[PDB]
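Working notes, structure below.
Positions of Cβ are generated from backbone atoms using ideal geometry, with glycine treated the same way; all protein chains shown enter the neighbour counts. Every number in this text was worked out from the coordinates using simple rules, so none of it is lab data.
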Ligand SMILES: CC(C)CCC[C@@H](C)[C@H]1CC[C@H]2[C@@H]3CC=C4C[C@@H](O)CC[C@]4(C)[C@H]3CC[C@]12C
Ligand SMILES: CC(C)CCC[C@@H](C)[C@H]1CC[C@H]2[C@@H]3CC=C4C[C@@H](O)CC[C@]4(C)[C@H]3CC[C@]12C
Ligand SMILES: CC(C)CCC[C@@H](C)[C@H]1CC[C@H]2[C@@H]3CC=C4C[C@@H](O)CC[C@]4(C)[C@H]3CC[C@]12C
Ligand SMILES: CC(C)CCC[C@@H](C)[C@H]1CC[C@H]2[C@@H]3CC=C4C[C@@H](O)CC[C@]4(C)[C@H]3CC[C@]12C
Ligand SMILES: CC(C)CCC[C@@H](C)[C@H]1CC[C@H]2[C@@H]3CC=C4C[C@@H](O)CC[C@]4(C)[C@H]3CC[C@]12C
Ligand SMILES: CC(C)CCC[C@@H](C)[C@H]1CC[C@H]2[C@@H]3CC=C4C[C@@H](O)CC[C@]4(C)[C@H]3CC[C@]12C
Ligand SMILES: Oc1cc2c(c(Cl)c1O)CCNC[C@@H]2c1ccccc1
Ligand SMILES: CCCCCCCCCCCCCCCC(=O)O
Ligand SMILES: CCCCCCCCCCCCCCCC(=O)O
Ligand SMILES: CCCCCCCCCCCCCCCC(=O)O
Ligand SMILES: CCCCCCCCCCCCCCCC(=O)O
Ligand SMILES: CCCCCCCCCCCCCCCC(=O)O
Ligand SMILES: CCCCCCCCCCCCCCCC(=O)O
């Protein structure tokens, strides 16, 4: 059973630091390109960032680029997101996702009508 | 509200996986260790069907093992004969995009699907001599994916909006509809007793549906990616599933968990459509790397390789008497393969 | 020694030509998709004409050159007419090839509409009817022979006639074809180089254009430098200068080119697959 | 209140799916093996057919 | 054995009449060129179908240019999960992709468009298909830049460090800022298309209007370019 468990988050301060964790249970971790996706209040899903099988190639979304570190361990089977320099305009639910096919570079995980390869997600709130 | 509900759901799913782990007394391949291996099995291209213009998406055999329907992307649905390579009917479709075709057990109808969410049934009585559209079913929102005849009165269909209905053709309405899926339902595989069927969605959960009751009995979550096609065992007490993680799986209705997993390191390509043989010993698998792998259903070993296709093996069919196996690829060449 | 050396060269050449034309006719006979395109009909006609060259022209004359005398007698005239027909059929099949390449690259849409398989067959049939009208009427009426061994001194009206209808018109058609196809290909390489350079700019051509130079240039160069000396000799000779041996060697070069014609005109991946399949080497 | 009603349908689903009888693996296995043994000789794919008997040959 | 050979006769005559109809429809189906029209819901691809002309799942448009028949297939009442039915459209001639540009708007749609283009591009079965690009709402980009603030530079820090390319030529009566924005979007989509570097398919970029007539001729020109590049590949020239 493909199941995803996000971890860390909560009410934080701007400029602070926070780790998110994603425990990826029920499949083989190295085969799948994996990604983080976040959801603003009364808005849609937007693709934060992405990481391939080996982990060599990493891209981001420009408006938050250079501010977040995406570590996947293959051995520990976890996906850690490192935040710093928090901005109040970015307060959102956060979601760990997996691209549905193995050994491929394409992903189609932007659908909000009950996409089934994402976790339940964690609320992350910035209060100034 | 939502959190106590999801915690109770998680404790129920822990109860279910306690059940599943209590049940697992042993494995089937340890059980099959003192069993005669089948060995290398060679099959050859007895016939090649030609004259298709575009790629052949889906095809379905008849119950007398004589006439096959083939469904193509040029808008031509061709009723074939397998013995003399004769096109005994050729039918022109309204929409050019097709994703499924069904052939009736009495042979009176052919049904066709596609991307325009309408299931179109054609009568083959031909009192005037021209094939005509007998009826058009339009009640689905998502694309129509795989549709299968119970008889000449009731057709069961699988939409793309996670819904599967049970159509009556006479009323032209939906007798029962069920929406228990979270991901896109690809294909359904009816029973030989036709009291149940199994559907493979894209949320890696195979479902066992009662036709008469109208709700699921069992849920199977052993996969890791999209369940492309599903096929019942000939006794109706087990099914097989193919996925995109290059692993075929065999499932039991009574054990409520997976018996066997079929996986080879050298092939990481997807698995389009899987059909059992008549005896059930050979599981036949249409892979994405241009061949068909003949698994041994009890020993999990590749008998044999049908590398006769130039493009991907889109769908795979087996006659009711087990005589030959017809595979449709995307190079517009339908092969009849015999042992 | 030297005669055995020459027999080894000639035997090897004949084996190579027969192997290549065999493999391309085998490949097309055992493969349907290598027949499904309207293009491949013309390389079928060019393998048929090259296998007629390898089967009828080159063994006979190789025997004649190695023995040094012509023992076969009256077969000389029929040999001459069959090597006019097979040579002109090869050069016409290559001008059919060039006009197919220019009509498919010049108009992409109107070549689907106009090039029915029936037009392919009417091109191949006016090629082989021009080759049998260039050969089996004049040789048999013997207009070339009566200018005043199989050393038939060609008359000037036939040598000028058949040499300009066999070489000079089809290689002016090929030079206007391949120059227009390097106009097209250079405009495409400039557009791809513009988009490439804009991407390079964003992040902060030559290779492909010299693959087009190497392709067009070895296609044009091999065929034209291997048929050019024998039609210079052929047109000069009647009006005169050249030893018989030198004419022999250049006629061998003219025939030699037909061994390289399947390698050059069969660089497709589909033919490489079908030759690994057929041959069984891979 | 829609999501929590789909939660409560999931809950009712899992309550009806928990409460089912479950036959052990090995007897199911043995039944499968039995049925593949019984009908092995009637399979044209497992057992080759003579070409006169074969309708395709 | 008389009735049997008569039934074989009948099957042979019906097979002849069918293979006649097949050959005629083979002619008419090799006439036909197929164009898949993909655009987001914010983008005015209903406006582009209204231009192209002058409850079902798929909507079909037939138009003919220079006696050359085109069918454009417009995805309509379909689900957002689009991968399982995107396999169908490898057989088409070319895929027209239409993306809005709003720089004055709940979420970032430009990033979504880039991600969708990337997923189209790196898809296995969609490698052999060319993609043709329309950057809609250029007039609105012009009108919206003069708002005291710029959305794109917020969303993209690379756009502060960006200069207009010298080979490209802006149209007269245009702001150098607005044309910097245009060319930088165009550069984003071409860096995504040049990243893969396969060489089997290219990305043809176009700057269009809200109300414009010329679009059918641009899609005809890019068709002629796609089948010319296919023949150049096919004879191993390039
Ligand atoms: C593999 C092939 C290329 C080898 C070819 C070897 C040839 C070119 C060599 C080997 C033997 C050589 C001959 C050996 C002896 C003589 C006698 C001398 O008074 C004149 C030259 C002459 C007649 C040589 C001519 C060149 C020759 C024929
Ligand atoms: C010197 C030139 C003018 C001679 C021209 C001869 C032409 C008119 C004749 C000779 C051979 C004939 C072809 C012979 C065979 C076929 C195949 C048939 O299925 C279509 C007609 C077609 C293709 C004929 C077309 C007309 C044809 C090409
Ligand atoms: C296009 C090709 C086939 C045209 C060929 C034309 C030939 C067949 C014609 C044109 C000129 C004709 C010659 C004209 C004059 C004479 C003199 C007469 O006392 C004998 C016949 C003879 C010698 C003719 C033979 C046939 C001939 C040579
Ligand atoms: C197989 C085909 C393509 C080529 C060989 C065909 C041969 C057998 C035919 C075609 C042309 C014919 C020649 C045509 C003209 C003449 C001139 C006449 O006064 C004597 C017979 C003669 C010399 C014919 C002999 C037979 C011939 C040479
Ligand atoms: C086949 C068509 C297209 C071109 C034919 C060209 C022919 C008709 C022309 C071109 C060159 C001409 C030759 C040029 C020189 C001479 C030498 C003279 O003392 C006799 C006539 C003769 C032999 C001419 C005969 C006619 C000729 C051969
Ligand atoms: C002429 C026939 C008989 C032989 C053909 C020889 C070929 C192999 C030769 C002749 C012309 C040569 C080309 C001439 C010019 C260039 C441009 C230079 O920047 C790269 C090398 C390149 C592309 C040469 C490569 C080799 C070449 C293609
Ligand atoms: O005039 C021509 C003569 C010949 C050919 C061609 Cl194509 C001509 O145009 C074909 C090439 N083989 C030589 C042949 C020939 C015949 C007799 C004497 C000398 C050479
Ligand atoms: C590759 C096959 C070529 C076959 C060519 C056959 C040519 C036959 C020529 C027959 C001439 C007979 C002349 C005999 C004269 C005599 O009796 O002295
Ligand atoms: C009018 C005919 C003139 C004489 C013809 C001589 C022999 C020509 C051979 C042509 C071979 C063409 C084969 C095409 C087969 C195919 O359809 O693939
Ligand atoms: C395309 C083929 C062209 C062939 C042209 C052949 C030209 C030869 C003409 C021969 C003329 C013979 C004149 C004889 C006159 C006389 O009887 O004195
Ligand atoms: C395609 C080129 C055709 C060339 C045809 C040349 C024909 C020349 C024929 C000359 C015949 C001379 C007959 C003279 C008769 C007389 O002495 O009165
Ligand atoms: C690729 C070349 C094409 C042109 C060929 C022309 C051939 C000319 C040969 C000249 C040889 C000169 C030998 C003279 C000997 C002597 O003085 O007797
Ligand atoms: C790759 C092309 C090779 C061509 C080989 C051609 C061989 C020609 C040899 C000519 C040598 C003539 C020597 C004669 C000496 C003498 O007059 O006694």
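The figures follow:
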item	result
Test result for residue C:229, within 16 Å of ligand 13 (Cβ to nearest atom), in a helix (DSSP H, G or I) and either within 30 Å of residue C:70 (Cβ to Cβ) or out of contact with any helix residue (DSSP H, G or I) (no Cβ under 7 Å at 6 or more places or on another chain) (or both)	yes
In segment C:106-128, residue farthest from ligand 1 (Cβ to nearest atom) [restricted to those that are within 14 Å of chain E (Cβ to nearest Cβ) and within 23 Å of the chain's Cα centre (by Cα)]	C:118
Sole residue being within 19 Å of residue C:198 (Cβ to Cβ) and either at the interface with chain C (Cβ under 10 Å from one of its Cβ atoms) or buried (at least 17 other Cβ atoms within 10 Å of the Cβ) (or both), chosen from E:227, E:185	E:185
Candidates C:153, C:98, C:90, C:131 - the one that is more than 16 Å from ligand 12 (Cβ to nearest atom) and within 14 Å of another protein chain (Cβ to nearest Cβ)	C:98
Strands (runs of 3 or more DSSP E) lying entirely in segment E:28-76 (those with 1 or more residues that are more than 16 Å from the chain's Cα centre (by Cα) and under 23 Å from residue E:91 (Cβ atoms))	E:58-65, E:68-75
Of the criteria (1) in contact with a strand residue (DSSP E or B) (Cβ under 9 Å, 6 or more places away or on another chain); (2) more than 10 Å from chain D (Cβ to nearest Cβ); (3) surrounded by fewer than 22 Cβ atoms within 10 Å (Cβ to Cβ), which one residue B:253 fails	(2)
Elements of type helices (runs of 4 or more DSSP H) in segment C:76-152, at least 2 residues being under 20 Å from residue C:48 (Cβ atoms) and touching a helix residue (DSSP H, G or I) at 6+ places or on another chain (Cβ under 8 Å)	C:117-135
Selection status of residue C:221, in a helix (DSSP H, G or I), within 16 Å of the chain's Cα centre (by Cα) and either farther than 30 Å from residue C:149 by Cβ or away from ligand 6 (no atom under 16 Å from the Cβ) (or both)	yes
Filtered residues of segment B:256-278 (kept if closer than 27 Å to residue B:100 by Cβ and either within 14 Å of chain D (Cβ to nearest Cβ) or part of a strand (DSSP E or B) (or both))	B:258, B:262, B:271, B:272, B:273, B:274, B:275, B:276, B:277, B:278
Segment B:1-59: number of residues that are within 30 Å of residue B:328 (Cα to Cα) and either assigned to a helix (DSSP H, G or I) or within 11 Å of chain D (Cβ to nearest Cβ) (or both)	9
Lone unmet requirement of (1) under 30 Å from residue C:160 (Cα atoms); (2) more than 16 Å from ligand 2 (Cβ to nearest atom) for residue C:170	(2)
Matching option when the condition is exposed (fewer than 15 other Cβ atoms within 10 Å of the Cβ), touching a helix residue (DSSP H, G or I) at 6+ places or on another chain (Cβ under 6 Å) and away from chain C (no Cβ under 14 Å), among E:147, E:160	E:160
